[PDB]
Amino acid sequence: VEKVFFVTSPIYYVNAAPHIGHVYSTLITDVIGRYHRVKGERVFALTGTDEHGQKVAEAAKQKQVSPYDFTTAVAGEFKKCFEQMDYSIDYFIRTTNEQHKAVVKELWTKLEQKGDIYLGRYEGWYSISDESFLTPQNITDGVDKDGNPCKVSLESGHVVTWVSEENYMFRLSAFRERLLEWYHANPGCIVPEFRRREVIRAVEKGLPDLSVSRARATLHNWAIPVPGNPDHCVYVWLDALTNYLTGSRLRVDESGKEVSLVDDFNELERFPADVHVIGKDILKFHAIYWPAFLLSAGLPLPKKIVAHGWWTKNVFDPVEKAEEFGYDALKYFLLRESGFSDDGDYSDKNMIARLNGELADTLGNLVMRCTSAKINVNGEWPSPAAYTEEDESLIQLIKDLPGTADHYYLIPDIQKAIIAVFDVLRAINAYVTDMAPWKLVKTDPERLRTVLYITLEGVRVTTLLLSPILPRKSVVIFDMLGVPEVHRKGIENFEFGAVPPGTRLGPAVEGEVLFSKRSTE
Ligand code: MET
């Protein structure tokens, strides 16, 4: 089916300021989005804030301001951060939004009508900071900010409290079999695989019913009322997970403000998400609860959930570090340095290593070589002569790259996609050192044409597939290479030889550097 490619970040709690956790999650969302736009598809990327809850109100209480003021402000801080980071997210959703609340009421009522919601009790442990229900096996001893003998979550380490409330309960136990079918039938639906195996083991152990309402007093009334029972409020997580459904039904205008909420999700061709980007901290909510709610309501399940190494909830300010090293450079580092186990190194020493070693020396260097007036004497893409077997060996790599990178982007594994491109860049540099085109201006012009054309085309294709990672620098590179706008996106232009010979380069700046190297501290 030809739909809108729907990619989402998680919606972040507004109890605190934007930090790297959120910037990272939304960066992954943004890159996936951009890739599918470069591929020439329709894209809706969603991000936003998660504004109801005991945890938010109790943080608004701390600053001694009303919940409406505190959330609006922090939401603003989030919006500004994402504009500074230079994402291309299509909409910013807020759970305080009135359209969103309508959708939550719709969904709640649908679940009630199915007989999947009932009035019961929850008597157990709860982490206010995680907004998570925990069994006694998931808790152990620890300390509070006041350093007293309290209990804490094994998951997160935040403080837990015992809760004994009469709650509206969701019949999650009844969705154990159908969830297991979904996992085993769609083995790519949770990524990476070891997290898929985690979710499956957990559901096989057994599922308790899930409390989906709280008594309004406990939430400091900062929540959505349960339809037809204002004594209770809706669990922040059913509220929160529903943002994806809300998002898929909002018409948005030129400026990014929402204007209309359609009745039927099919009208906009967005639901369900093709990728949900999340941190490992919130895997169970997205891989167990969410599909069960959607199963209950007769809605379609998402295609992929990708859970990364960081935690979604010693200073490291992204906006500071981007101002010091470059914006695209930082994004490159975060996407290249870590896969899906979180153990990677985020020191300056390392970023500089990757900035100099890879962005400057591999990519940047190569861009300057194939454009410089010394080597490229006519300032154009020359017409190639006949190809050696060494020429063919490089061309073959260039031709294979798009398919390879495409499979990686689709997993999705953005680290592996980058690596695949840089493998081809390293190869092109090797070909250039070997060919030595700087010598060939004097001795052999017929040959230089061939060498230079291949270089240029390798640089174009590598740059095209890197454009979701380095969106600004890719534009600068293409300008230098003189690539017409039409050839900068679309699967058509993944093919070798898309730009014809005789294409003129962009004008040069006598002092232009693509990536400037920085000192080993
Ligand atoms: C439905 S995504 C909710 C995520 C949660 N608000 C967090 O910040 O981790």
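Under PDB author numbering, residues 238 to 550, 561 to 768 are what the sequence shown spells out, in order.
Quick reminder that beta carbons are idealized off the backbone N, C-alpha and C, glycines included.
Rounded straight-line distance, which links the Cα of residue j to that of residue i
{"i": "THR372", "j": "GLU414", "result": "21 Å"}
{"i": "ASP353", "j": "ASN740", "result": "50 Å"}
{"i": "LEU613", "j": "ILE645", "result": "15 Å"}
{"i": "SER450", "j": "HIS457", "result": "13 Å"}
{"i": "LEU478", "j": "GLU403", "result": "23 Å"}
{"i": "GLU335", "j": "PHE508", "result": "20 Å"}
{"i": "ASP367", "j": "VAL275", "result": "37 Å"}
{"i": "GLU636", "j": "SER393", "result": "57 Å"}
{"i": "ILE257", "j": "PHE563", "result": "7 Å"}
{"i": "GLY586", "j": "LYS541", "result": "17 Å"}
Residue i: CB within 7 Å of a non-hydrogen atom of ligand 1
{"i": "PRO539", "result": "no"}
{"i": "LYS550", "result": "yes"}
{"i": "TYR250", "result": "yes"}
{"i": "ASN334", "result": "no"}
{"i": "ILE645", "result": "no"}
{"i": "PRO247", "result": "yes"}
{"i": "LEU536", "result": "no"}
{"i": "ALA422", "result": "no"}
{"i": "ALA477", "result": "yes"}
{"i": "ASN480", "result": "yes"}
{"i": "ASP660", "result": "no"}
{"i": "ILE519", "result": "yes"}
{"i": "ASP590", "result": "no"}
{"i": "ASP287", "result": "yes"}
Residue i vs residue j beta-carbon contact at 8 Å
{"i": "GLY737", "j": "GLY270", "result": "no"}
{"i": "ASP468", "j": "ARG488", "result": "no"}
{"i": "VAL746", "j": "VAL733", "result": "no"}
{"i": "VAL566", "j": "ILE265", "result": "no"}
{"i": "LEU577", "j": "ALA569", "result": "yes"}
{"i": "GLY546", "j": "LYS521", "result": "no"}
{"i": "residue 776", "j": "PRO649", "result": "The chain is shown from 238 up to 768; residue 776 falls before or after that span and cannot be answered."}
{"i": "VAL268", "j": "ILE519", "result": "no"}
{"i": "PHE530", "j": "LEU356", "result": "no"}
{"i": "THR618", "j": "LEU728", "result": "yes"}
{"i": "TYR328", "j": "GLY493", "result": "yes"}
{"i": "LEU602", "j": "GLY705", "result": "no"}
Sequence-distant residues of its chain with Cβ nearer than 8 Å to residue i (five each side left out)
{"i": "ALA620", "result": "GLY626 and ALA755"}
{"i": "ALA633", "result": "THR697"}
{"i": "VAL760", "result": "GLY611"}
{"i": "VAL436", "result": "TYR420, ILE427, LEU520, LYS521, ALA524 and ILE525"}
Same chain, Cβ closer than 7 Å to residue i, neighbours up to 5 away in sequence not counted
{"i": "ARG279", "result": "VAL241 and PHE242"}
{"i": "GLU605", "result": "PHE669"}
{"i": "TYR272", "result": "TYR656 and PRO715"}
{"i": "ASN480", "result": "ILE248, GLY285, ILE330, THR332 and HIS337"}
{"i": "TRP685", "result": "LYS621 and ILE622"}
{"i": "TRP628", "result": "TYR700, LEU703, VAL746, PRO748, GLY749 and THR750"}
Own chain residues within Cβ distance below 6 Å of residue i, not counting five before or after
{"i": "residue 559", "result": "Residue 559 cannot be located in this model; the chain continues from 550 straight on to 561."}
>> Does the contact criterion of 3 or more C-beta pairs under 8 Å hold for the stretch 353-366 versus the stretch 396-404?
In response: Using a Cβ-Cβ distance cut-off of 8 Å, the stretch 353-366 and the stretch 396-404 are in contact, since at least three pairs of beta carbons, one from each stretch, lie closer than that value.
> Using 8 Å as the Cβ pair cut-off and three pairs as the minimum, do the stretch 669-676 and the stretch 598-613 touch?
Replying inline: yes
>> Using a Cβ distance threshold of 8 Å, determine whether the stretch 284-299 contacts the stretch 242-254, with at least three qualifying pairs required.
In response: yes
> How about the stretch 704-720 and the stretch 684-696: do they share at least three Cβ pairs that are nearer than 8 Å?
Replying inline: no
> Within the chosen definition, does the stretch 328-346 reach the stretch 580-599 through at least 3 CB pairs nearer than 8 Å?
Replying inline: no
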